There are 4 protein chains.
Amino acid sequence: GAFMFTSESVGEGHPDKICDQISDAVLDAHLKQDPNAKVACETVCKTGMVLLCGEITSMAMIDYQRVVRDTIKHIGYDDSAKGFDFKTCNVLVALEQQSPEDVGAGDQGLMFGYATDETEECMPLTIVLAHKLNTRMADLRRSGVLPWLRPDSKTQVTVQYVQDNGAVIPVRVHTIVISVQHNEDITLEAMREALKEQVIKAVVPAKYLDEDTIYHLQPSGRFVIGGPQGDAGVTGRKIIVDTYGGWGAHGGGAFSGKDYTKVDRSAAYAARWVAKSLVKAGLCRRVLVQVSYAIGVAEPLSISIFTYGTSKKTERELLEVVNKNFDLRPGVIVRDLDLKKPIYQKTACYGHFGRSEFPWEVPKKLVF
Amino acid sequence: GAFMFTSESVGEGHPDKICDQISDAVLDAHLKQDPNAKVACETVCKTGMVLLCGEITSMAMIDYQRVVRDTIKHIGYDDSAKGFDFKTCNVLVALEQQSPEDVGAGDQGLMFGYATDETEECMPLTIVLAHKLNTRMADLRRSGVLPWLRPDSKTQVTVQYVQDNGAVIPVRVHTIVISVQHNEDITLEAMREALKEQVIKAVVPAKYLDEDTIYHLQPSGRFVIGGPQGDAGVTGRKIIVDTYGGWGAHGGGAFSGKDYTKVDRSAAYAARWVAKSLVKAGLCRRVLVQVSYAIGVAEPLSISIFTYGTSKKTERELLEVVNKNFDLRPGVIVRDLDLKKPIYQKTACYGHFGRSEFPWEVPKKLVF
Amino acid sequence: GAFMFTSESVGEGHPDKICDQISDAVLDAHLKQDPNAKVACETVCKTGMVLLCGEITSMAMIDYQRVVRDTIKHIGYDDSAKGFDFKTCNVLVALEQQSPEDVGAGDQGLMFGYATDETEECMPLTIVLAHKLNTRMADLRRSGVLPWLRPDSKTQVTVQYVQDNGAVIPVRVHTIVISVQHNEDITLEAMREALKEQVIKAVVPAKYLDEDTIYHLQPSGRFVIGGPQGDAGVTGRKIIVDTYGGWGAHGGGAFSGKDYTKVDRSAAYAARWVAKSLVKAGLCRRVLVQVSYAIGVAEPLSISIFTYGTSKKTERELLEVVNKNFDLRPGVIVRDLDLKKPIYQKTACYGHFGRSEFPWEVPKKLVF
Amino acid sequence: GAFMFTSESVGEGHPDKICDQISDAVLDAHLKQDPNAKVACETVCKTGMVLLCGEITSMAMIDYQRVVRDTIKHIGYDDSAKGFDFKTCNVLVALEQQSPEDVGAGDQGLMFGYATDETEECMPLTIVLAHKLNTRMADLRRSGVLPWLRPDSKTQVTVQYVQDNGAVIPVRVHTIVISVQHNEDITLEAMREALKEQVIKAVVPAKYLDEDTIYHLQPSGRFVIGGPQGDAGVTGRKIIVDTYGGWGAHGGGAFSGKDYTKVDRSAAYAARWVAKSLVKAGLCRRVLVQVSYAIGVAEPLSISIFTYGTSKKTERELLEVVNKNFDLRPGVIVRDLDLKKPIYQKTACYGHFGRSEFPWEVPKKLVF
Ligand SMILES: Nc1ncnc2c1ncn2[C@@H]1O[C@H](COP(=O)(O)OP(=O)(O)OP(=O)(O)O)[C@@H](O)[C@H]1O
Ligand SMILES: Nc1ncnc2c1ncn2[C@@H]1O[C@H](COP(=O)(O)OP(=O)(O)OP(=O)(O)O)[C@@H](O)[C@H]1O
Ligand SMILES: N[C@@H](C[C@H]1CO1)C(=O)O
Ligand SMILES: N[C@@H](C[C@H]1CO1)C(=O)O
Ligand SMILES: [K+]
Ligand SMILES: [K+]
Ligand SMILES: [K+]
Ligand SMILES: [K+]
Ligand SMILES: [Mg+2]
Ligand SMILES: [Mg+2]
Ligand SMILES: [Mg+2]
Ligand SMILES: [Mg+2]
Ligand SMILES: [Mg+2]
Ligand SMILES: [Mg+2]
């Protein structure tokens, strides 16, 4: 039942993602010394000018200059011409820091969860490829293989699909668009060549690459001193690339900068968890689990499972499976998913869903 | 086939929405003197400190201090204690301004469109009520009826639904959560009363209000000097409340601050247009139109119509209807929808979709 | 030998003085936990926006938000309309903090010292009155006597003089100009009355007030919401009001924000010390002691005493007196003057010289 | 009657001086299109971040981005590593601009004027050499002779003197300290050599250079990426280097950023004028002219001439000479000195007094 789809992703150097990372870096920095630290911060950046804002109630001694500059360094901003230098950039900290199982969900909410068997990650091929494309470039950057590669990048992958008396089977990569920052001493011809052979063909399965697949490598020509500038970088502004690439559903809640007590993060992770578990357990080929919460109440206020006719069990057979295998109460979620652990920075880029190294990406058994 | 859903909205005083409005105000200010002005700006705010960033190629004389302060005034920030005063706030302008039909879509893209017949607006009841709730409060604020009401507010509406051999029929409002900024001389008891009788019951259809409907009015107690700080307001960070409240699909593209040449705005409007037209024309009760574009190409690179079995015509009968009634090329969109007109500021709050006063909300005839 | 002179002073609310105080507050905050803390910081302010910049090598845990906001509170900025509120203002900290007798003067330098017997403080009448005028207003502000009085103020005192076979004897106050911030509910007539009876006549000696003395109280009319705004407040920009009101000599070195290791502060204090000691010891009625230092060298590179023919001993009789009573080496200065003590904030306003509560203002014995 | 003296100066790259220049550049930019423009602005900078603040009532169309960036370019900040790049730095403009002979002096004031015959400029040798030292380095920088030389520099000159039955005769340069920013590819040994032969010996008269003269060239080692940070540059913070190097007297009034209607600038210039005229006319070898003004009154409220026994005429013979040759009323000053002309930027560095190219530096005839 043909149709096409497109998704995008950005590198660690993208202004918005730098802020997402810095904000989560500050979250990690607090969890390490106080796993109960209450973090609620965000970052704003603009050409060698980083603004750390926020309200965090914690009892840990943190050097914000250090955690911000280290994060910028990690990203690869050490030289001047790159558009950022951790040693010279302005780090204005306007942060306010205080000191002092059946909890109960804060703020009326509605979290979504999604999973599909089109890839081993249980995530849409389009967004998976988009992320992996950026990931590979960072590897080649950090390894030395492609030393002209700079932190800021953007990726878009559009794949042609076809339904299947259930749902969504990828056929081929229609077109790929990739833009990456770079050093001056490297020709546009050499860049485009390296992008096709060393990054694209090294990550995209042969089955999907074609003789007609369209490539748009460095479309706008050069992107040298571009760096994290844009016109400004912000936290929580890359909401779709952090999730499913526009495939599931999204209520609008941002992740980065918020601790594990905010249902926007925790419950979203939990919802992904059950979704991935369901498909992995063969109970369906594609699911859209919807978990609702009521302010004050701990136990979820109605969970809905949305298969697209890919399950044999039947919604409200699968719900009992979820109700017998999962305890989606906020407090239990953080305990079961080990959400007090400082893993948030690595979650701040290349997508929150898909990578198996995260607790919520490990499928639960599911006793049926 | 019961399930529940929640959506939210924010008032004109919400930090993020102030930036969305200011950014669009600057867009309007340019269109009035140069309908071909190229606008690409964004705003950042934090307690009496507004930062205007951006790159705009136009040929019009604009007083940015005036357009920013006027917008803050319009929102209702004229006094000190409110958290913002257009006469005293810092307006730092770091804006860069230059001077000098079958066009062709910029940037690979994928826009979504959505519509449902559950309301006359052809928008989800949950998000419609959420918006209207905030709208009413602004009215009472500006009229004088509720003089304690302040600009910043947040609304959440969760409605219980039930499918219908097609899709989505609202049954009742399960719970409503509303938080609004206020003056000191007004009791929490009087506020909660006014919110239930004068705002909620004055906008929510009797059919949906119940004896069990849950109300959470000013849950967190007092919200006085809670003016625009919210740890830094930003443009393009309220992506879901500007669209369908998490009901359709969203690629992640922000509207505010971008002119009519960016497919992220124009094409999204166009997609909404056809969706609303389809249901209005009786061709379906609920649609998710998906329009894809290819960088360089003008004509859309595959449009997909997604009814949920609510149409009698059948997808790929409805596609021809769309192909015979619509010309979704970028240039034609702006011409047909009159996108060079300065209406963008009023679009910057209370949702981009739903209100009939916008071109894209006027259903096209549809000759079938 | 008639001539006239004018001097000025500013209140604790003056933008520049707020920065001088905040910078010294940060210095005090470090000395209390590490008397060897290396402080080099400065502040910038602009309408509820404070920027703390600087490089400080210390080993003490300081809450910069607390030390900045407390200082703003102390000044009297607690309400909105005053132009500053310590609870709501933006405190952006871009501060960089590290951790790890015959020393030797840093930086070639030339410090000046001055003293005259026209007042018991051994300071020019014009600047003494100017300071005391502002001091009194703060008292009435903090006591409650004049509750309409606000932090920001400016004072100017011009006195008619006459030489005396030596030097400088004040005759009468020619004119006084005083401007002070205020609350709305207070008439310009009532303000001007209170300024003349309760502040001016309560501090200026009867001998100097005349029937012709000119008063300019609130000349520019109102000064309500003025507050610390100007167009910006800065540290080290009020160099003359911090010293002698334009009577001695000044090389240009700023005090506030610099620790005791900077000769600009320490040596200037030391020079004042010896000057005050000389006149107090009857060795002269007016002196201008000039102490020069050589980078690397500890012992002063030539000290010059400048009496205006007011001494009977004779320059290079008085120099030996100074060389036999004083050891102006940097390290000895800090030890003898107890410069590791956190008294710097109170030094940041109303003048560094004159007030007896400071070590350098206590005359040394002088054995001759 | 031996004694020593030291003075300092800074290059065009010094943070404070960049702000002084930028502020005056904005003043020039307005005078060119509206000679009656009311300018009152100041600048703040910090590592690729320039903040333009101010209130200017004028009727001229100015591109502040252009005037700020052009000024940074002129200074020599075009590359990244230098600590500033006019093409990439953040120029935040928070400027507020409106549109619409016997005047009368604004604000009670007391301006000073100074002159001495020890140099042809009629300025202290110490400050003249200090300025010229920085001037020469800029020449070699802009010519190409010393291509490693960067904008930011600091100079200190200490000269040994001796009185002379009147006053002040320089004997020799005791020590010279000079620090200048530089490029990486240049040895500390080569720099120090070039500073002694090509800059110092090329500007300092043979008569003053000795075999004992002490040189401190690049004392602190390397000053590479030491671009304009210096923990925030500011306008009006280099008050003494803009005048007499601590030789005359200074009330504390700043010049840069203020138009010709502010007595702080105009009257100070006028006072210098008469001082230079007096010595040039042989009426004295050293003078300290003191001009006082009364708020509202146009004609100066008492002028005092202070020779140090270097005049044969006798104070109050010289006063009549000044009263018969000069009309120091504010309005007349601007007319006679052509103060509506945009020459203020070149006045913003290397000293306001001394250079003959300025109106106030051209000695008036003096008919006696
Ligand atoms: N001068 C301009 N004229 C027209 N459109 C512009 C202009 N400047 C920016 N834009 C638009 O807004 C978006 C770019 O902003 P930004 O400076 O944040 O860079 P980036 O972070 O490197 O890019 P991106 O976030 O899109 O991947 C683009 O999609 C573009 O359409
Ligand atoms: N719009 C303007 N037009 C002309 N001159 C101005 C203007 N705005 C400011 N000035 C000048 O510069 C100085 C005022 O600046 P500021 O805003 O720092 O206020 P303040 O700190 O409250 O005052 P002050 O420091 O002089 O005691 C005045 O001496 C005045 O001459
Ligand atoms: N930085 C932009 C394009 C570069 C060429 O200006 C981008 O990431 O797409
Ligand atoms: N704030 C200014 C004057 C007030 C009236 O605008 C001052 O301190 O002189
Ligand atoms: K945006
Ligand atoms: K968002
Ligand atoms: K100034
Ligand atoms: K100064
Ligand atoms: Mg990009
Ligand atoms: Mg592009
Ligand atoms: Mg993007
Ligand atoms: Mg004042
Ligand atoms: Mg005045
Ligand atoms: Mg002043």
# chains A, B, ... in the order shown; residues from 1 in each chain; ligands from 1

$ residues_around --residues "segment 83-100 of chain B" --least-positions-apart "5" --cutoff "9 Å" --atoms "only C-alpha atoms" --output "VMD selection string"
(chain A and resid 231) or (chain B and resid 41 47 to 60 64 to 65 68 to 73 76 to 78 224 to 229) or (chain C and resid 46 to 49 83 88) or (chain D and resid 51 to 52 65 90 to 95)

$ write_last_selection --atoms "C-alpha atoms" --output "mmCIF file, in the first residue's frame"
data_model
loop_
_atom_site.group_PDB
_atom_site.id
_atom_site.type_symbol
_atom_site.label_atom_id
_atom_site.label_comp_id
_atom_site.auth_asym_id
_atom_site.auth_seq_id
_atom_site.Cartn_x
_atom_site.Cartn_y
_atom_site.Cartn_z
ATOM 1 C CA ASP A 231 21.022 32.658 15.013
ATOM 2 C CA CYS B 41 14.227 35.567 13.126
ATOM 3 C CA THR B 47 12.518 38.505 33.141
ATOM 4 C CA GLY B 48 12.460 41.938 31.514
ATOM 5 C CA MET B 49 15.096 40.936 28.977
ATOM 6 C CA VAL B 50 14.203 40.261 25.361
ATOM 7 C CA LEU B 51 16.752 39.186 22.765
ATOM 8 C CA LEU B 52 15.890 39.545 19.100
ATOM 9 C CA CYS B 53 18.102 37.391 16.893
ATOM 10 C CA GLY B 54 17.875 36.701 13.193
ATOM 11 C CA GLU B 55 18.779 37.231 9.564
ATOM 12 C CA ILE B 56 16.250 39.196 7.540
ATOM 13 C CA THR B 57 16.717 40.377 3.992
ATOM 14 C CA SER B 58 14.187 43.155 3.484
ATOM 15 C CA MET B 59 13.733 46.694 2.232
ATOM 16 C CA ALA B 60 11.549 48.300 4.891
ATOM 17 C CA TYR B 64 12.470 46.882 16.374
ATOM 18 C CA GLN B 65 12.252 48.513 19.788
ATOM 19 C CA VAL B 68 8.931 44.322 20.416
ATOM 20 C CA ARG B 69 7.608 46.660 23.104
ATOM 21 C CA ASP B 70 4.244 47.037 21.377
ATOM 22 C CA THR B 71 3.880 43.266 21.303
ATOM 23 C CA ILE B 72 4.695 43.004 24.996
ATOM 24 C CA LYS B 73 2.146 45.750 25.674
ATOM 25 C CA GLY B 76 -0.725 42.809 28.819
ATOM 26 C CA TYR B 77 2.697 43.458 30.303
ATOM 27 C CA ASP B 78 2.534 47.108 31.327
ATOM 28 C CA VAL B 224 1.456 35.936 41.047
ATOM 29 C CA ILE B 225 4.803 37.408 39.928
ATOM 30 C CA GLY B 226 5.130 34.339 37.716
ATOM 31 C CA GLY B 227 5.672 36.625 34.725
ATOM 32 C CA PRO B 228 7.704 35.504 31.705
ATOM 33 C CA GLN B 229 10.753 33.846 33.195
ATOM 34 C CA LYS C 46 21.320 47.224 33.534
ATOM 35 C CA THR C 47 17.684 47.163 34.712
ATOM 36 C CA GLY C 48 17.278 43.922 36.648
ATOM 37 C CA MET C 49 20.271 42.366 34.916
ATOM 38 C CA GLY C 83 14.335 49.750 39.201
ATOM 39 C CA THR C 88 13.591 38.948 40.454
ATOM 40 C CA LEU D 51 26.632 45.618 23.865
ATOM 41 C CA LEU D 52 25.570 49.044 22.668
ATOM 42 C CA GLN D 65 25.737 46.910 13.205
ATOM 43 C CA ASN D 90 27.812 39.371 18.727
ATOM 44 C CA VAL D 91 26.646 42.964 18.463
ATOM 45 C CA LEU D 92 23.676 43.350 20.791
ATOM 46 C CA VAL D 93 22.135 46.790 20.287
ATOM 47 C CA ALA D 94 19.915 47.944 23.171
ATOM 48 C CA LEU D 95 20.081 51.572 21.942
#

$ residues_around --residues "segment 269-273 of chain C" --least-positions-apart "4" --cutoff "6 Å" --atoms "only C-alpha atoms" --output "ChimeraX atom specification"
/C:113-114,360-361

$ residues_near_ligand --ligand "ligand 12" --cutoff "8 Å" --atoms "only C-alpha atoms and all ligand atoms" --output "list in words"
residues 10, 14, 152, 153, 154, 155, 179 and 180 of chain C

$ write_last_selection --atoms "N, CA and C atoms" --output "tab-separated table (two decimals), in the first residue's frame"
chain	number	residue	atom	x	y	z
C	10	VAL	N	27.96	59.76	45.02
C	10	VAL	CA	26.75	59.05	44.65
C	10	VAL	C	26.33	58.07	45.73
C	14	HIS	N	23.41	54.12	42.96
C	14	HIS	CA	23.95	54.53	41.68
C	14	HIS	C	24.51	53.29	40.99
C	152	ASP	N	19.15	55.23	44.83
C	152	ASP	CA	19.95	56.05	43.92
C	152	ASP	C	19.91	57.55	44.19
C	153	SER	N	21.10	58.13	44.32
C	153	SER	CA	21.24	59.55	44.58
C	153	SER	C	22.57	60.09	44.07
C	154	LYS	N	22.65	61.40	43.91
C	154	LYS	CA	23.86	62.08	43.46
C	154	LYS	C	23.98	63.39	44.23
C	155	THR	N	25.19	63.71	44.64
C	155	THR	CA	25.43	64.91	45.42
C	155	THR	C	26.64	65.68	44.90
C	179	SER	N	20.31	65.18	44.19
C	179	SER	CA	19.25	64.49	43.47
C	179	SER	C	19.13	63.10	44.06
C	180	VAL	N	17.91	62.70	44.37
C	180	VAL	CA	17.69	61.39	44.96
C	180	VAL	C	16.45	60.72	44.40

$ select_by_dssp --residues "segment 145-315 of chain C" --states "strand (DSSP E or B)" --output "PyMOL selection string"
chain C and resi 149-162+169-182+214-217+233-234+258+286-293+303-307

$ residues_around --residues "residue 347 of chain A" --least-positions-apart "4" --cutoff "9 Å" --atoms "only C-alpha atoms" --output "list in words"
residues 21, 24, 242, 256, 343, 351, 352, 353 and 358 of chain A

$ write_last_selection --atoms "N, CA, C and O atoms" --output "compact mmCIF listing (two decimals), in the first residue's frame"
# COMPACT_ATOMS: atom_id res chain seq x y z
N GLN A 21 22.45 18.82 25.25
CA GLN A 21 23.56 18.10 25.87
C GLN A 21 24.07 18.80 27.12
O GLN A 21 24.27 18.17 28.16
N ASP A 24 21.66 18.38 29.91
CA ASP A 24 21.69 17.04 30.46
C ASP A 24 23.01 16.75 31.17
O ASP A 24 23.07 15.90 32.06
N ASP A 242 14.35 13.70 18.66
CA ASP A 242 14.68 13.02 19.92
C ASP A 242 13.78 11.81 20.13
O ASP A 242 14.03 10.98 21.00
N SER A 256 15.40 16.79 27.59
CA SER A 256 16.62 17.40 28.09
C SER A 256 16.45 18.52 29.11
O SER A 256 15.70 19.47 28.88
N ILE A 343 22.94 9.03 32.80
CA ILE A 343 23.10 8.58 31.42
C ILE A 343 22.44 9.58 30.47
O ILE A 343 22.52 9.45 29.25
N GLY A 351 19.11 10.77 19.22
CA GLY A 351 17.87 10.11 19.61
C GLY A 351 17.80 9.41 20.95
O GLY A 351 18.74 8.74 21.38
N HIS A 352 16.65 9.54 21.61
CA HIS A 352 16.42 8.93 22.91
C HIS A 352 15.99 7.48 22.77
O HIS A 352 16.19 6.67 23.67
N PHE A 353 15.36 7.16 21.65
CA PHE A 353 14.86 5.81 21.42
C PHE A 353 15.60 5.09 20.31
O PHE A 353 15.94 5.69 19.29
N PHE A 358 20.31 1.89 26.68
CA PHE A 358 19.43 2.56 27.64
C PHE A 358 18.45 1.54 28.21
O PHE A 358 17.93 0.69 27.49

$ residues_near_ligand --ligand "ligand 11" --cutoff "8 Å" --atoms "only C-alpha atoms and all ligand atoms" --output "CSV table (one decimal) with N, CA, C and O atoms, in the first residue's frame"
chain,number,residue,atom,x,y,z
A,8,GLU,N,14.6,13.3,10.0
A,8,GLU,CA,15.8,14.0,10.1
A,8,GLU,C,16.5,13.8,11.4
A,8,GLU,O,15.9,13.3,12.4
A,9,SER,N,17.8,14.3,11.5
A,9,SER,CA,18.6,14.2,12.7
A,9,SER,C,19.7,15.2,12.6
A,9,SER,O,20.0,15.6,11.5
A,10,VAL,N,20.2,15.6,13.7
A,10,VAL,CA,21.3,16.6,13.7
A,10,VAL,C,22.5,16.1,14.6
A,10,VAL,O,22.3,15.2,15.4
A,154,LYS,N,23.5,17.9,9.7
A,154,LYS,CA,22.1,17.7,9.6
A,154,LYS,C,21.9,16.6,8.6
A,154,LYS,O,22.5,16.5,7.6
A,238,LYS,N,14.3,20.4,19.6
A,238,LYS,CA,14.4,19.3,18.7
A,238,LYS,C,13.7,18.1,19.1
A,238,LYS,O,14.2,17.0,19.1
B,252,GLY,N,8.5,18.2,13.1
B,252,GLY,CA,9.4,19.0,14.0
B,252,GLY,C,9.6,20.4,13.5
B,252,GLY,O,10.3,21.2,14.3
B,253,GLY,N,9.1,20.8,12.4
B,253,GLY,CA,9.3,22.1,11.9
B,253,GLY,C,8.5,23.2,12.6
B,253,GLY,O,7.3,23.1,12.8

$ residues_near_ligand --ligand "ligand 5" --cutoff "7 Å" --atoms "only C-alpha atoms and all ligand atoms" --output "list in words"
residues 42, 235, 236, 254, 255, 256, 257 and 258 of chain B

$ write_last_selection --atoms "N, CA and C atoms" --output "short mmCIF file (atom, residue, chain, number, x, y, z; two decimals), in the first residue's frame"
data_model
loop_
_atom_site.label_atom_id
_atom_site.label_comp_id
_atom_site.auth_asym_id
_atom_site.auth_seq_id
_atom_site.Cartn_x
_atom_site.Cartn_y
_atom_site.Cartn_z
N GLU B 42 14.16 34.89 15.44
CA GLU B 42 13.66 34.21 16.63
C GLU B 42 13.92 35.10 17.84
N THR B 235 11.47 30.79 21.06
CA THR B 235 10.65 30.67 19.87
C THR B 235 10.74 29.27 19.27
N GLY B 236 9.60 28.75 18.83
CA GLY B 236 9.56 27.44 18.23
C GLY B 236 9.64 26.26 19.18
N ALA B 254 9.16 24.27 13.04
CA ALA B 254 8.54 25.40 13.75
C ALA B 254 8.00 26.44 12.77
N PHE B 255 6.95 27.16 13.16
CA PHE B 255 6.34 28.16 12.29
C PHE B 255 6.82 29.59 12.52
N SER B 256 6.55 30.10 13.71
CA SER B 256 6.89 31.46 14.10
C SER B 256 8.31 31.93 13.79
N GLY B 257 8.40 33.10 13.16
CA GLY B 257 9.69 33.67 12.82
C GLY B 257 10.17 33.38 11.41
N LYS B 258 9.47 32.49 10.72
CA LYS B 258 9.81 32.11 9.36
C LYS B 258 8.78 32.67 8.40
#

$ closest_residue --among "B:245, B:147, B:331, B:230" --to "chain C" --atoms "only C-alpha atoms"
B:230

$ atom_distance --atom1 "atom CA of residue 199 of chain C" --atom2 "atom 4 (C, counted along the ligand's line) of ligand 2"
29.4 Å

$ select_by_dssp --residues "segment 123-256 of chain D" --states "helix (DSSP H, G or I)" --output "PyMOL selection string"
chain D and resi 125-143+188-200
